[PDB]
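A short write-up of the structure that comes next.
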Amino acid sequence: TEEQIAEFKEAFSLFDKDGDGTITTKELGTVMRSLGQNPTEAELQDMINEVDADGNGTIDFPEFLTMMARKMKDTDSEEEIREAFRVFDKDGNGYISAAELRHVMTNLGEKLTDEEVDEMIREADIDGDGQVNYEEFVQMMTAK
Amino acid sequence: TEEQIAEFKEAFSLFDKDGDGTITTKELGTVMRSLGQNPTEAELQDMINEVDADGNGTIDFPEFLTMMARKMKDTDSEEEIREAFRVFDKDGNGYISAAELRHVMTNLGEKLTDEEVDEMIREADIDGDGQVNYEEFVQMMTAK
Amino acid sequence: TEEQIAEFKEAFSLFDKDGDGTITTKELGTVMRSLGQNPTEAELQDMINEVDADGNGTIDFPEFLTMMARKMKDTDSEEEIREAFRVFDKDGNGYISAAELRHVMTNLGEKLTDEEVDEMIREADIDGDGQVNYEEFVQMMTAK
Amino acid sequence: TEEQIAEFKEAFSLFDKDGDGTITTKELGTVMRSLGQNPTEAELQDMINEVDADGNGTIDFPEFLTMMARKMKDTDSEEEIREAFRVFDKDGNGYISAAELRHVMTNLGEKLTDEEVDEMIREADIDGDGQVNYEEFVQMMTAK
Amino acid sequence: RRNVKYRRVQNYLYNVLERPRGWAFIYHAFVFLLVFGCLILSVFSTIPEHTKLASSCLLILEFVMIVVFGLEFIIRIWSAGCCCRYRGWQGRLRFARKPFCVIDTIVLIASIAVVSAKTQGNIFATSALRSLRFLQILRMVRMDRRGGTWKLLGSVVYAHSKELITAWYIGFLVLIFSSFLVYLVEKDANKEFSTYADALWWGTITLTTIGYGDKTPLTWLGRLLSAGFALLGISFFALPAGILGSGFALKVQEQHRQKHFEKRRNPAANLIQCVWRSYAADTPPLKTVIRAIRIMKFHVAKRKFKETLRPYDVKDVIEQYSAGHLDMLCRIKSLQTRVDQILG
Amino acid sequence: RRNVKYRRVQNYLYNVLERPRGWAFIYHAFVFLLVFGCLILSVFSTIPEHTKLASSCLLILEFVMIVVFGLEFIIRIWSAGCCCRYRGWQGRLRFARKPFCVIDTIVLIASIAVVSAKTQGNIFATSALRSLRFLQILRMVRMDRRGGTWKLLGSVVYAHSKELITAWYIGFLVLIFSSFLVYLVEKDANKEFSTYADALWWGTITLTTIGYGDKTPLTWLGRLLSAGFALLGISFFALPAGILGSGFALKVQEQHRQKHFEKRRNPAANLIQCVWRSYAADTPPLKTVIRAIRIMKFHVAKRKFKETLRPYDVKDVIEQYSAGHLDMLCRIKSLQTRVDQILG
Amino acid sequence: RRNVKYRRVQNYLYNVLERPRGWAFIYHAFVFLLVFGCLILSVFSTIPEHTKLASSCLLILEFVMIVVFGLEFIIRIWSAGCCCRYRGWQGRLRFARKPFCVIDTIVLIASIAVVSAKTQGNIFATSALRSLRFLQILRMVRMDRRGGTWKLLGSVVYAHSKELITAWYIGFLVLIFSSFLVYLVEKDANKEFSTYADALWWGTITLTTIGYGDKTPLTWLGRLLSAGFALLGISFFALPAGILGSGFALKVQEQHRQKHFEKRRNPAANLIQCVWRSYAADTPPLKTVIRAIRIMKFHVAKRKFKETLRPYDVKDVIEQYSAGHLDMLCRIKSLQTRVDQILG
Amino acid sequence: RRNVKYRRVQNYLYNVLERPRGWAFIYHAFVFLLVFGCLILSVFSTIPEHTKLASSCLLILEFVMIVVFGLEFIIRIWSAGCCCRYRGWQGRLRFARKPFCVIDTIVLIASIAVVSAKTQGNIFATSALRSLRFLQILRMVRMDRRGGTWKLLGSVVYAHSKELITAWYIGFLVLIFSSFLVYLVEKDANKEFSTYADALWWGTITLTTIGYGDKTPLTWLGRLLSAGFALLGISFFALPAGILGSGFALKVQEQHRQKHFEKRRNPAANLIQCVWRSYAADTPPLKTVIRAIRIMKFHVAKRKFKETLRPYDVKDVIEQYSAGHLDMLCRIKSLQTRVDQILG
Ligand SMILES: CCCCCCCC(=O)OC[C@H](COP(=O)(O)O[C@@H]1[C@H](O)[C@H](O)[C@@H](OP(=O)(O)O)[C@H](OP(=O)(O)O)[C@H]1O)OC(=O)CCCCCCC
Ligand SMILES: CCCCCCCC(=O)OC[C@H](COP(=O)(O)O[C@@H]1[C@H](O)[C@H](O)[C@@H](OP(=O)(O)O)[C@H](OP(=O)(O)O)[C@H]1O)OC(=O)CCCCCCC
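Below, the structure written as structure tokens:
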């Protein structure tokens with residue numbers, strides 16, 4: 006994992022920009038705004054709290070390494086994703102229509118760019134009388 | 006009642022200021038503001054509605070004459086006054102303290118000038134351990 | 006129905022002002038504002054949705070033709086009108102007073118011009134102790 | 006108590022700044038603002054009402070002397086302090102953690118200066134697995 | 103001074119008698135207890151094994167009753183005359199004109215008649231004596247002002263009329279159907295279920311959960327049907343009590359909430375102040521017209537004092553903040569217009 | 103004029119008959135009382151000790167019944183024809199097509215048949231007579247429009263389905279367990295507790311609080327277990343009635359609150375005004521397209537008239553003032569921008 | 103350290119004994135179960151067929167009872183002394199001064215007396231023994247602090263006094279009237295309805311739905327009147343239970359809502375902080521006056537800590553946003569004035 | 103395609119079996135009806151006068167029972183394997199690991215054993231047969247997922263613990279006191295009130311309103327005391343049912359209100375969108521850190537998706553508009569400052 010830890014350290018040095026070795030709300034906000042995000046101070050606080058496990062309020066290199074070590078594809082994550090998909094389900098039959106999903110992704114929550122939405126719609130089988138299973142989606146996007 | 010109707014007509018001509026023979030909200034508001042009142046348009050509407058009995062929305066001379074004909078001292082008026090006094094009563098014993106009445110008249114509702122309040126307090130017997138009957142007040146101020 | 010479809014096409018071309026063949030919210034809003042209406046964007050959305058039956062959000066010529074084909078005088082429309090009249094009824098006796106109807110039309114909902122209101126009041130029999138049936142009104146205005 | 010009454014009179018003369026012999030809201034507010042407090046008019050009213058016992062609304066010298074005569078260390082005061090400490094208790098075991106108390110004193114209510122907070126934390130025994138009794142605190146700060 | 107206190111206490115007596123509050127309620131609780139004791143002794147007089155002692159003690163209790171109610175009656179007349187509306191002979195007569203005052207009068211003379219007849223022993227009076235005893239409930243009847251209780255009950259019954267009727271209809275259907283079925287099943291094996299009227303009596307007793315036991319199904323099929331329909335019907339018969347109780351409790355909660363939201367204090371003070379203005383009223517024509525306007529203010533504040541009596545609504549504050557919205561709109565409009573004026 | 107009044111009163115008769123409100127409810131209360139009296143007399147006809155007088159009076163009451171219901175039936179037909187939807191022969195036939203009109207028709211002819219059979223005395227008719235009498239409940243059955251009561255009950259039962267099922271499940275478990283335990287304890291000392299089915303009957307009678315007394319535990323241990331389980335089970339058996347009653351009362355409170363928050367007045371007036379606009383509708517093409525747009529306005533206002541029918545929500549005003557927030561944000565933004573323009 | 107832990111655990115014992123919470127409630131549930139078992143065995147001692155074994159087991163259970171309550175008594179004294187208010191001999195005496203501590207003391211010595219008398223067999227003690235046994239309920243009685251339960255009940259009864267009185271009045275009228283009518287109808291045919299007192303007993307048993315069955319109407323007219331009045335009266339007799347239950351539930355809902363709206367956290371912290379300020383208090517005259525002002529702050533924050541204890545009201549936020557309105561008014565006024573200054 | 107539909111229907115079968123909703127509830131209502139019919143026939147088997155036919159029909163019904171439950175069992179295994187978590191042999195074994203699956207398994211093999219023993223006639227099996235029959239309730243027991251009902255009941259009982267305890271305490275005191283007094287009054291005249299335990303039995307039966315009638319007071323004083331204490335005690339014994347029912351209804355109202363205020367839709371969509379972002383995640517180091525940040529967003533949106541699950545509060549909007557206040561304050565401050573800049 007020498008390459009992996011080297012990459013993690015490279016990223017952490019990119020974010021830190023100094024020898025402090027910890028991530029503060031202001032520095033993280035400035036780095037993320039360098040890409041043109043403009044988040045909130047509460048956003049910074051919540052994001053940093055999500056990472057820290059000691060309660061000091063700063064993300065040290067070990068905390069970032071531990072956070073990035075765990076794989077995204079996890080059983081609890083899969084269950085959360087499945088129930089989130091079920092939240093917007095009709096009859097709970099495991100299938101969703103393309104149009105309603107398009108509307109949900111375009112209005113509810115984080116409004117995504119139409120290019121990405123069309124890419125994901127065309128990624129899977131959208132045929133079948135306009136109904137597409139989301140179990141298949143869940144399988145593909147949890148494959149890492 | 007020739008003198009009385011003459012006085013009523015003099016007052017109505019003072020208020021009307023023209024040959025229309027009816028009182029509108031705007032004209033009444035201007036006349037009352039000439040004394041420095043500055044009321045509201047809703048105030049004008051409510052005041053004129055209180056007088057009119059035909060629903061046209063204007064006080065004609067007969068309506069003003071009928072309104073001023075009835076005497077202020079009336080049994081229903083006396084009952085209303087007595088219950089209003091009872092609203093701010095302690096134990097319903099018919100007596101009120103000078104201090105609480107002073108506070109009520111100085112804060113609640115139409116805040117009166119201290120000169121008038123002192124005049125009315127000194128008008129009646131304010132002695133008696135600081136408690137004064139309001140039944141006696143009710144009798145005196147309904148005497149016309 | 007060649008004359009009728011010709012008139013419908015003339016109106017649709019007047020509204021469209023181009024070869025697109027469909028009605029958008031912005032274009033409809035501009036055309037209606039040319040008469041001095043100044044509606045809302047939500048008004049445009051609701052108006053266009055009321056016409057469209059495919060969910061695309063634009064009124065094509067066939068949709069306008071279908072909308073204008075159905076006659077205004079319909080049994081369901083008559084029932085809706087009768088119940089709407091009953092909403093402001095006293096005792097449900099089928100009769101309404103001229104004054105209360107005047108007040109309702111002058112204050113509640115779309116405030117109409119007094120000229121039109123007087124025209125409609127004089128259109129029917131307003132006599133009879135100040136009470137006029139609204140069933141007769143319902144019959145006349147549904148005659149097309 | 007000649008020295009004590011002399012000190013009380015010196016303080017009362019410092020606050021009064023005149024021969025009136027009574028403390029008004031405005032004068033008290035100005036004196037306290039001379040130290041850079043900037044309180045509210047409602048604050049002045051509540052503070053003066055807390056002292057006065059006659060209802061006139063001004064603190065005379067006897068009222069200030071009576072207020073300062075009673076000792077801070079009192080049984081009722083001790084009970085109030087103990088229950089206030091219990092309000093933020095976990096399991097009601099008589100012990101509180103240093104971190105949660107720090108957070109409470111830094112966020113809830115009157116936010117104190119970190120210097121004073123550290124001084125009070127170091128005043129008592131903060132060891133013992135991070136848990137410190139507040140009964141001991143209550144005993145020490147009520148000693149006068 | 104002396105007369106002043108005389109009328110002051112007379113007024114306090116009026117308060118405790120005709121205006122119960124606090125310990126006056128304790129006083130009226132005592133008189134109700136005396137009435138109830140008289141009623142219980144009157145009932146015990148019916149029993150022959152106790153008739154002798156029941157009537158013996160009832161004579162003395164009735165004597166005490168007449169004494170105490172006569173004293174309360176005269177004190178009530180005097181204290182009522184205190185109020186300056188029933189003062190003087192004419193006012194006392196007017197107070198006697200009250201339906202409950204005349205009712206007290208008649209029950210009191212009736213009670214004296216009871217005592218005198220007891221002393222005499224007239225058979226005709228004796229026979230009437232029990233009916234005369236019944237009149238004492240009239241005291242409790244009077245204790246209810248303007249039939250308050252009744253009205254309250256009616257109100258709730260009218261508020262929940264639809265659901266009470268639903269419960270009654272469903273319960274009646276269950277009663278009829280279950281009674282008929284149990285009759286059919288047990289018309290022969292059980293003699294007590296001989297006539298459908300007997301089955302109806304059994305059904306009424308069962309579904310109300312009285313369950314006397316005089317009639318009970320015996321055949322097993324009859325008992326099964328009885329069990330099932332009894333479950334359904336006991337639920338539906340218990341409904342009306344539950345609906346009325348919940349209505350009463352929700353009504354209390356509403357009254358409490360309205361009491362808390364009572365904003366009538368300041369408008370009532372406005373009414374008092376404009377009343378004082380109208381008093382001060384009573515350039516001749518200018519003074520007369522000022523008096524007219526002050527009377528108008530008095531009436532307007534009375535209307536305000538009444539619209540406050542209307543309890544609070546959330547819709548009210550919805551309109552209130554809605555007014556806040558229009559306010560902010562106009563405000564920002566003006567601001568931008570004048571800032572544009574600046575830019576110019 | 104004359105015909106005008108003729109149809110006006112005809113319409114009032116329709117209102118009192120098919121549209122009960124106010125005193126029309128008093129009218130229908132009277133007819134329900136007559137139906138109930140007929141049912142009570144029919145029941146008393148069952149008793150043999152009163153069968154003679156019961157049937158004698160029931161003959162005359164049935165005669166009055168047929169007369170009054172025939173008169174109401176014909177008056178109902180005529181008044182219904184008044185409404186211009188059931189006018190004329192075709193409209194009267196359509197009104198007769200109503201399920202309740204045909205039900206009234208059949209019950210009426212049945213009643214005549216009852217009277218004729220009584221006059222005759224046919225044994226076959228006589229046997230059928232009681233079943234024929236039963237039909238009179240159909241009047242009350244008809245009095246419920248579209249099964250309102252039923253639906254309401256169902257609604258509440260569906261709203262509280264989870265808790266009703268909880269109460270039923272726990273109560274059933276308590277019934278089974280307690281019945282079994284009392285059976286075990288008293289299977290020998292008490293003969294009435296011989297078979298577990300008898301214990302189940304006792305448990306059902308006990309827990310419902312009917313308590314006939316036909317079966318009662320005797321052994322002291324049996325009585326102790328009976329007492330404890332009876333406490334638990336009476337509570338759980340009383341639950342469903344309490345849950346349903348509280349549901350009914352809370353539903354009434356919700357209906358009352360929604361009624362108070364009814365803002366549909368102004369949108370309904372908008373619907374009426376746009377209806378009048380569409381009427382006024384009915515440059516040829518410009519007029520035709522204006523008519524189209526007016527019809528669109530009519531439909532839009534109908535949708536508004538419907539979304540008002542949706543009762544009020546606090547979430548609604550939460551969004552409303554939330555709109556207030558965005559408003560203030562934009563407002564201040566604009567203000568600061570233009571003031572900066574000034575500074576420049 | 104060692105003594106520190108000694109007093110720490112002593113305090114925990116005080117918490118579990120005199121401050122039940124969590125598992126201390128489990129502990130007190132156990133002691134209540136022991137008291138209840140002792141009471142049940144004491145009752146069974148009454149039965150002669152079981153008196154021998156009942157008393158035999160009751161002797162050992164009473165021995166265990168005395169042992170456990172003596173241990174709890176001494177542990178309670180010690181743990182109470184822990185709290186620094188009952189520390190030392192004087193403090194232990196003060197704790198014993200508590201009414202419930204002395205009650206525990208007397209019941210404990212009484213229990214020892216019971217055991218000793220049992221050992222002896224004194225006839226005079228024997229006769230007193232049952233009365234002595236009764237005292238054990240005093241444990242449960244003590245478990246209620248400051249009569250909490252009682253007060254709560256009273257509160258609700260006072261809150262719903264008007265409607266409880268309505269239900270009682272109407273139910274009493276129905277009882278009297280129905281009992282009298284059934285008496286009249288059945289005074290002759292039925293012997294059990296011989297005296298009106300017997301009819302009253304029947305009415306009370308019926309309307310409460312107890313329905314013993316000892317007295318039941320027989321004549322059909324009597325049964326009809328009984329059925330109707332029984333329906334009305336069972337509803338009205340069930341009312342008070344329903345009203346009280348709904349009151350209790352609505353009170354719980356209010357308590358829950360108030361708990362959620364509890365904003366007292368920050369003002370309580372203000373009270374603590376100003377208490378610390380007053381501590382820090384304890515230029516000589518300047519320091520003394522600063523101490524005076526800090527004491528004033530302490531009292532002010534206590535008042536704030538109390539006005540927070542007052543639960544939440546919607547009227548509060550109505551005034552709050554109303555303050556928002558005045559704020560916006562003043563704000564816009566100032567804005568327009570200064571923009572006009574600009575224009576100038 | 104074909105296999106696709108195969109698994110699609112397999113999933114629908116899983117939904118109807120293990121995820122009841124809509125008509126699947128109708129399906130499970132049917133199986134519950136079959137279980138209940140089997141239980142009723144099993145009970146009737148106890149009666150000797152019907153044992154022959156009861157058992158004869160019960161044999162065939164048990165045969166049908168085993169067939170249908172075996173079919174449902176295998177279909178349930180297959181459909182559960184559908185879900186991709188119980189797929190394959192290992193997944194089927196995991197599904198069988200469910201407590202309710204193994205319970206179904208054991209009850210099914212037990213039922214087969216019942217049928218085989220019936221066929222044989224083994225005395226030892228015969229004796230065990232009734233206990234085996236009892237197991238069928240396990241179907242209903244299984245129908246409750248995670249003991250939902252139980253938990254719900256417990257919740258309410260814990261929510262109203264204080265008032266339930268109040269009702270129990272007062273009712274117990276009334277029971278003890280009234281039973282003792284009636285015992286004292288009737289210890290001699292009435293033989294059934296011989297031992298205080300008998301008086302306690304009478305009191306328990308009376309106050310619960312069961313009123314068997316086996317013991318009833320005879321002496322008039324006994325009947326008077328019984329009447330009064332019966333009124334009080336019936337009210338207090340009925341309390342717990344009323345309190346629990348009102349608690350259930352208020353809980354339903356709260357659930358309904360929370361459902362209406364459910365704002366979780368948009369944050370749940372945010373959670374889904376950030377999940378898709380994290381998927382898209384899976515300059516190497518820049519991509520890896522972007523993946524880390526996307527995982528952080530996923531967790532943050534899950535927390536948001538959870539804090540939405542927290543129902544709505546008015547305190548929430550109080551803070552919301554309170555934020556509105558601070559907003560307006562800052563806004564006006566900025567405005568005035570910049571306008572002063574203009575003036576300068
Ligand atoms: C049934 C047998 C006889 C019953 C008699 C017992 C009944 C009895 O005598 O009540 C006395 C007392 C009443 O005063 P209580 O403090 O309870 O009532 C408060 C007070 O009424 C306030 O005025 C209310 O605010 P609001 O201004 O209205 O808005 C407030 O309601 P809320 O705003 O906070 O919500 C009330 O809390 O309550 C008891 O202590 C019961 C002790 C029971 C001891 C005796 C028990 C028998
Ligand atoms: C009667 C027989 C014995 C009864 C004992 C059974 C009674 C029993 O032991 O309760 C335990 C537990 C209590 O905790 P429960 O989760 O229910 O209570 C939550 C919790 O109390 C929160 O504090 C409350 O918010 P708040 O801060 O107050 O505002 C919240 O109310 P709300 O805000 O969401 O509305 C509550 O939801 O509830 C059960 O699971 C019942 C399992 C029953 C299993 C055993 C059943 C016997």
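Protein chains in written order, with the authors' numbering: chain H, 6 to 149; chain C, 6 to 149; chain F, 6 to 149; chain E, 6 to 149; chain B, 103 to 384, 515 to 576; chain D, 103 to 384, 515 to 576; chain A, 103 to 384, 515 to 576; chain G, 103 to 384, 515 to 576.
Idealized CB from N, CA, C, for every residue including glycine.
Practice prompt. List the residues of chain A whose Cβ lies closer than 8 Å to the Cβ of G:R325, in chain order.
Written response: Within the eighth sequence, the letter at position 223 stands for residue 325 of chain G. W303, listed in chain order.
Worksheet item: Considering only residues of the stretch 192–237 of chain A, which uninterrupted alpha helix (DSSP H) runs meet the minimum length of 4 residues and lie entirely inside it, listed in chain order?
Response: 201–222 and 225–236
Worksheet item: For the candidate residues A:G324, A:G347 and A:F202, whose alpha-carbon lies nearest to that of A:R248?
Response: Numbered from its first residue, the seventh sequence carries residue 248 of chain A at position 146. Comparing Cα positions, the closest option is A:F202.
Discussion item. Can you look up H:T30 in the DSSP assignment and give me helix, strand or coil?
Written reply: As a first step, residue 30 of chain H is located in the first sequence; it is residue number 25 there, counting from the start. Three-state result, H:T30: helix.
Fill in: Under 7 Å by beta carbon: chain G residues contacting H:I86
Numbered from its first residue, the first sequence carries residue 86 of chain H at position 81. Correct list: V377.
Fill in: Sequence-distant residues of the same chain with beta carbon closer than 7 Å to F:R91, five excluded per side
One-based indexing of the third sequence puts residue 91 of chain F at position 86. Only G97 meet the Cβ criterion.
Worksheet entry | Per DSSP, the bridge partner or partners of E:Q136 | For this step, residue 136 of chain E is matched to residue 131 along the fourth sequence. BP columns for E:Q136 point to E:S102.
Worksheet item: Any contact of the stretch 100–110 of chain C with the stretch 130–141 of chain C, i.e. 3+ C-beta pairs under 8 Å?
Response: yes
Discussion item. Is any non-hydrogen atom of ligand 2 found closer than 8 Å to the C-beta of A:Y129, if you look at the structure I gave you?
Written reply: For the purposes of this step, residue 129 of chain A is taken as residue 27 along the seventh sequence, with counting starting at 1. It does not: the Cβ of A:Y129 is nowhere closer than 8 Å to a heavy atom of ligand 2.
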